[PDB]
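Here the structure comes first, spelled out in structure tokens, and everything after it is commentary.
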Amino acid sequence: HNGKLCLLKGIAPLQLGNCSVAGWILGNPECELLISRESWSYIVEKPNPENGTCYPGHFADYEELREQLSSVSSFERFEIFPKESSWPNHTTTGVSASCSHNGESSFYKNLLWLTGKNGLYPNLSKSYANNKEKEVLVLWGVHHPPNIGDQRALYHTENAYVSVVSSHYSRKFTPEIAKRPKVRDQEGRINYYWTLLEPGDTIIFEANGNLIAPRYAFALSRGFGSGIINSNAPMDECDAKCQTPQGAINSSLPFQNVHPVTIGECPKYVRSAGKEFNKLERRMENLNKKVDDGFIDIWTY
Amino acid sequence: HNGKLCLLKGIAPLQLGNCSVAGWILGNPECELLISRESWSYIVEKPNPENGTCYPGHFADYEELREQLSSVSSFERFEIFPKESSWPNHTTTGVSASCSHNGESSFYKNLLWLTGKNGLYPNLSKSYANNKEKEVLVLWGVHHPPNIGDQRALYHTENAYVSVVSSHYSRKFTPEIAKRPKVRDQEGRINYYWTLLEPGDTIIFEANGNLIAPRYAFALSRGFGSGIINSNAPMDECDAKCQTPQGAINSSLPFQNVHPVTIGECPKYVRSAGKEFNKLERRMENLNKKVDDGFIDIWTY
Amino acid sequence: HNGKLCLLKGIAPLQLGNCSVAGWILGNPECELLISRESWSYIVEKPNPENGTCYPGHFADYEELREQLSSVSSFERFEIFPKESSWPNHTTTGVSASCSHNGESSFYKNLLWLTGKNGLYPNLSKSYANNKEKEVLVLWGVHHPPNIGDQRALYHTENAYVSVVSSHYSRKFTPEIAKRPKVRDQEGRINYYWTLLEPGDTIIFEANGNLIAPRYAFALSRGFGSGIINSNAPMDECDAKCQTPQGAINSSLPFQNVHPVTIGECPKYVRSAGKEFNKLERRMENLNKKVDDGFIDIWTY
Amino acid sequence: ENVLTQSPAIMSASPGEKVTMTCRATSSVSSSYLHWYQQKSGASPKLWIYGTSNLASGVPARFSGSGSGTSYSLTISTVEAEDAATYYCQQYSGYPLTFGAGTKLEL
Amino acid sequence: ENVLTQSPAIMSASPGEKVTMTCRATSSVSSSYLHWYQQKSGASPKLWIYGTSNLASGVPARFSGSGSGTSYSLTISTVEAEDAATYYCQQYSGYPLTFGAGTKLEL
Amino acid sequence: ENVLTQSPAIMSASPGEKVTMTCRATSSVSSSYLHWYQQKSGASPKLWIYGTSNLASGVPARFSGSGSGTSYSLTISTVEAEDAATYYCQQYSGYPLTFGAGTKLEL
Amino acid sequence: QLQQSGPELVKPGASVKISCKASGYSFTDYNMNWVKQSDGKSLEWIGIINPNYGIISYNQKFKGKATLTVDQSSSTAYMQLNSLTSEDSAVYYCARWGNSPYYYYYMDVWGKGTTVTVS
Amino acid sequence: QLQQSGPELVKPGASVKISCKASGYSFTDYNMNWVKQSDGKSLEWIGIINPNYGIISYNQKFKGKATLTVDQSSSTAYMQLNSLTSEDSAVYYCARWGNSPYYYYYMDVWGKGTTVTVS
Amino acid sequence: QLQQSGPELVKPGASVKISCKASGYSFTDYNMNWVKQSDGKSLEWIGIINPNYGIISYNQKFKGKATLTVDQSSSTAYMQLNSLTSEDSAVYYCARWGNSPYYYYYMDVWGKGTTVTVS
């Protein structure tokens, strides 16, 4: 095989390198806004990219977001809520040392660490209606600070809550003040949440506190012929109708032996010479693996 | 193919037309009690039937109820709790304009919008024990009224809760007083819940309020050779061992090209000339699709 | 086929007999510590073993624990918390009649029914860090006593809670004081919970009460070539590379007709002469069944 | 079932004077669901206590309240002739929300 | 560890009279877990306060209570000769639930 | 916006005497976020009430507090010459957490 | 505020309808009471209409003798008297249950009352 | 109510058993106390048996010298005195922790007490 | 406890830095206040630094004229005065928001204060 991260049809991939899908979407400070790459044939991920979420925390339904973005082939990274003029009574310039970028501190580029202004954090009710006629991927976060002092210096309320509502999605959060062990130099975490939002649907955010509010959001063309390849290799320009993680394929045979996770008008996998799940989904993985494995035998008669 | 909603073995389908599985089970007022059709070969669903839940709300685990009813081939629509003599201290005649039927108002035929009597809503503890020696599909609802005024005029309590218990199923609900946007002329919603209940098992309902209590419930023969076909077509009587949504099949070949969702002693799908999931189950759908797709290739060698 | 619970490679199975995977891991009193069998080729389960959890309750994510233990081929049953010297301010010798063993009472061998000492139940914060460089299966429980009297005689607090935290798993429990019907002579239940815990990860337990704390925990070699066979048959020693529930197979053909759930270098299933799920996972089962069934046809061309 | 009696039927008083009037319930009433309305000379009444102690908008602090169960109290630190009127007590004990026939100020 | 002392050891009184007796704890006690029992002439005692202020069934309103932490109080607005007895204070501070040796009424 | 005034500016008193001093807020303050600090002769102040009524460690029970909304009170049952000092009231009403310029004891 | 129909005079048995309409608030949100008041006498709770859900409830003294309904679009409530007799010659108010947490069943605003009279 | 065994006379060292049985309530639900009372003296908490789970706990003054147990079917509790001595000549009560939210560790009903006597 | 830099004398316009460092508690956990106090005058809230997240906030009286920062490793906080003038000749304290449920924004411990003086 061609051994390079070629182009499927002249349309170029997206290279996150030391970024990750977790950080890409959150807009990791050590990462381009990637506005340069709002369209691709495939996403490229390194086996364990170091700089994903610059701030520690659990990215809820991460393994599902990866999958719904696998099909996606383009965004429209709009400022669902402008940093200025959307939050006149909130401080939007929050930053953390954990999210350093060419400097002592910063924060994600697709979220706003809302904190009080004039020592006041007013119960917010911001809302947005998807008039863009295509599904909108919204992201937000809830901050689980390591102590009551940080909670009440940022958000000025103790029994804080968050609430997110849309036509067929309602969830309410009460974040816990847990003094977790230090990771990336920080104790408290930022549990990150995502929801799709149908055309014409509207999403309502509400919070007494602890909201890591959305700045941007992806009105995204669900598309097909995409996926999160994972591999380390050069990115040189080259052409073939099918990509695999270690290289593209020109059609000498419709048979592939290269790494399963494949994208494009690709041959069939064999062994004869991309989804993921968490730990509480082993059943689901052994499904997928089994699903795969049997086909992989069937393909080599 | 025969082009008609034939009969598999002389046993007739169920036609919901402008009804939906969501409303069918809830007993949509604009829908027969369908006592006429307590047995079938298959359910028939239109692509997007208008009159499903006459009242807006989210039908919890809907995509699973559809599947467990797909296998089912008969009910026994018993009044698990008679409208009279089961609730002497509750008003059972609640109705809504959203659920109009040949008149200004009504309500579902398989649930009771319990509200206070004499301005009192006593903490109820009704319970039922499945002495029918077959699984019982119970349905209830919790009302999320759009304001405290409606909450306290119906149920007379603010911090209201619901609780449902059985040998291996316990869930507790605190419904939120959310002023959602108007749908079918109504703001507050009715989150609908269902549980199966094994033979000899007993289900306990408890509520300080907001219970849309069960009137009827299906002691249902789990059966096989069934499913929720979806298609628009005539319902004329005709005979063949296999049905597909656009028509039945007589055995000229064991090969089918018609719409996947198939019921009966049916041939195999090919392309060579019914489950569903929500948005947070894309992984599961790409499983099913993948599961399907590969077989669909394997079938055409 | 050989008709016996043979040995795959000389390495012997594990025989729970009247025990179950639910009780095995919990250490059912009517069951050896099974220290004799900390390694196997396969687990053996009877169709419906009577003495599983000696105490009634719901074993959360049971159907997933079975699956993650299916792959496992060895433990290291360490006392993650010694009964003595780990809980100086708690009574560890709690027992129940339901868990009788050659006597009036006992309790599980892999958990500790912590109750107050000197009438005091101090808010505990015990924690353990997985320095064993392999995944640790932790088990605990939360007691849902049948009345406030038992709650406050055991744990001495009414609004009791439990909390379990680790790098990517946080859950909080408030157990309900529910007077459930008697099972195995006991009303209140013990909801059992399990989590895997990665190498170098640390798990934090916290509780004001109702904690059925962990005594032992399995630092377990995830392995392969294993699974929970279910069958009734003799356990005589015999040899073949493949086991099926009704017997082993010597390689006369690579074709099998015996019960699906199979372990070892086994032939392929046909019909031509182990996972499970709960009720709210019918979709998942019809997946698995479908997954199986199609392959089972494909295998017989 | 419930019905309430309140006292005095009529009060004679002077401006600048303190008073407390009582509403007693034939059956129990939560302190969160008893209320007191101003009412003058056949006009539309007005809500002047709404939580057994909580004071509505447009009514001075003077107006106060207290009580529990079957007995409740409205209180004025100072009455004034043009401020005084009939006062009606109200509750929820189920329905009906029957009021107590208003006490009257002759001031 | 805990132990309680209560006073007076004996009260001399008259019918129609008010009293308050005190139970002091050597260590802290929550107001939700202190209680007072009636006890006459060696018969079985009776529970007459069960929440530091809450009154049991079968005992008149007269009986009252209050307090916090290490000090608590039982109170009678009116004693009567056949109603009076020894009164025992009780608490939970862990175990034992040691009582305070009963105060006695000579009335 | 908020600012507080407290009184008296200076108190003249005698040992063994009771006092209450008042802090009034130009805007509302929750009783959970107002506090009082001891301060002597230009040294570092000290926190002696921390919940409008709750007493800090190292300060006797005598010190007490109360109030709500726009008015709050510090109270001493007994002043002593070496115990007395200037007292500063503090709140949160958003930021700034502006204090009330300390009242002073001439005792 | 609330506005109401005008005074009315009728003979016995002649059924008659009173109305009151809102302004200055969302009509559908707050519940509607109706309350009789005879001249200088007690004043008593007829019953409520919950505008949103049409869940009526009555005082059994008036049950049947009164019927309550509403129109959303008109922001209006209507009260029907059936089988009138002399003692119905009184001032009928309609009122509103203001919304508040932990306190409720108060009537924070009143219409000016309609003298419906039997003679 | 609670019913109890009868008065008893014994010599020192002779172990002896008291009983008390319930009626008028579900025995298994409410916890059982035992409490000594010497004649006109203090009266003190022996310990509890939790009928449902058999979780005993004792006052360390009495630990070992007393042993508590129950029988569900008989709706009965039993208290054993071991190594008796003269000062055990007293009235032993058994009692019950009534159930209530936010308040607990009260003893709302008492047996009539048994005079177990050493001579 | 808290320890602080020493007294300082300066001319106008000369910016200057005060410090205070903790001991006897985890520095990172509790928030840092700074508070001016002129001689015998009112004493007023400069602003806070949240040591953990570097979320500063100021009183608009002092905004810009003061700048606050911290060093975790040194367990230290620093306060910079820019564009000094005569009325800045005062005692500057740093303080700490003790942590407690339901009560907060109190300053339970204080540094000994630094006389920074303009002449």
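Return the distance in nm (one decimal) between the two label points of a simple spin-label model at E:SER57 and C:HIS259, each offset 7 Å from Cα along Cα→Cβ.
5.7
Excluding same-chain pairs closer than 8 in sequence, count the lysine pairs in segment B:83-169 whose Cα atoms lie under 17 Å apart.
4
Straight-line reach from B:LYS4: which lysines have Cα under 23 Å away, leaving out those fewer than 8 places along the same chain?
B:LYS46, B:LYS241, B:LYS268, B:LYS275
Pop out the ³J(HN,Hα) list for segment B:282-289 in order, Karplus 6.51 cos²θ - 1.76 cosθ + 1.60 with θ = phi - 60°, rounded to Hz; leave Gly and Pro as x.
Couplings: 4, 3, 5, 5, 4, 4, 3, 3 Hz.
Quick one: net charge of H:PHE62's neighbours, Cβ under 13 Å, K/R +1, D/E -1?
Taking every other residue near H:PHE62 into account, the sum is +1.
Output the peptides H:105-117, D:55-67 sorted from most to least packed, where packing is the average of other Cβ atoms within 10 Å over each peptide's residues. List each step's numbers first, then the result.
Details: H:105-117: 21.1, D:55-67: 14.7.
Highest-to-lowest ranking by the protection proxy: H:105-117, D:55-67.
Based on alpha-carbon centroids, what's the gap between segment B:112-179 and segment C:237-251 in Å, whole number please?
Each part reduced to its Cα centre gives a spacing of 54 Å.
On a straight-distance basis, which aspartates and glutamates could pair with F:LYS40 in a cross-link, Cα separation under 18 angstrom, same-chain partners fewer than 8 positions away excluded?
Result set, ordered by chain and number: F:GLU80, F:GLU82, F:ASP83, F:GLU106, I:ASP39, I:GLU44, I:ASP108.
Quantify how strongly other chains surround peptide G:109-117 by giving the mean number of their Cβ atoms within 10 Å of each of its Cβ atoms.
On the way: counts 4, 7, 1, 2, 4, 0, 1, 0, 0.
Neighbouring Cβ atoms belonging to other protein chains average 2 per residue here.
Which whole number gives the average, over all residues in H:5-11, of C-beta atoms from other chains lying within 10 Å of the residue C-beta? Before the final figure, lay out the partial values.
On the way: counts 0, 0, 0, 0, 0, 0, 0.
For this peptide, the per-residue mean of nearby foreign Cβ atoms is 0.
Let me know the number of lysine pairs in segment H:2-118 closer than 14 Å at the Cα, not counting same-chain pairs under 8 apart. List each step's numbers first, then the result.
On the way: H:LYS17/H:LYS36; H:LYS17/H:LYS65; H:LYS21/H:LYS112; H:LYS36/H:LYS61; H:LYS36/H:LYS63; H:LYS36/H:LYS65; H:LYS36/H:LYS112.
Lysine pairs satisfying the spacing and distance rule in segment H:2-118 number 7.
Based on the mean of other beta carbon atoms within 10 Å per residue, what is the order of C:223-232, E:13-22, B:152-161, most packed first? It would help to have the intermediate numbers written out before the result.
Working: C:223-232: 17.4, E:13-22: 13.8, B:152-161: 20.6.
Result, highest mean Cβ count within 10 Å first: B:152-161, C:223-232, E:13-22.
Within the set of other residues whose C-beta is less than 15 Å from the C-beta of C:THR92, count the net charge using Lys and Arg as +1 and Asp and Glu as -1.
+3
I need the shape label for segment B:14-219. Rule: rounded when a/c is under 1.5, else prolate if a/b > b/c, else oblate, with a, b, c from the alpha carbon gyration tensor. It would help to have the intermediate numbers written out before the result.
Details: a/c = 1.67, a/b = 1.18, b/c = 1.41.
Cα axes put segment B:14-219 in the oblate bin.
Report, in deg cm²/dmol and to the nearest 500, the calculated mean residue ellipticity at 222 nm for chain A, where each DSSP H run with n ≥ 4 adds -39500 (n - 2.57) and the sum is divided by the residue count. Provide the component values of the computation, followed by the final result.
Values: 4 runs with 40 residues, N = 301.
Calculated at 222 nm, the ellipticity per residue is -4000 deg cm²/dmol.
With a sphere of radius 9 Å drawn around the Cβ of A:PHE81, what net charge do the other residues whose Cβ falls strictly inside it have (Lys, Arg +1; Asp, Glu -1)?
Numbers: positive: A:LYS83, A:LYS126, A:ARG215; negative: A:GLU79.
Net charge around A:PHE81: +2.
Shape call for the protein assembly as shown from the C-alpha gyration tensor, a ≥ b ≥ c root eigenvalues: rounded (a/c under 1.5), prolate (a/b greater than b/c) or oblate?
Rounded, because the longest to shortest axis ratio a/c is under 1.5.
When we count neighbours, we look across all protein chains shown, and the Cβ atoms used for this are built from the backbone with ideal geometry, even at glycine. Computed from the coordinates by the stated procedures, all read-outs in this text should not be read as laboratory data.
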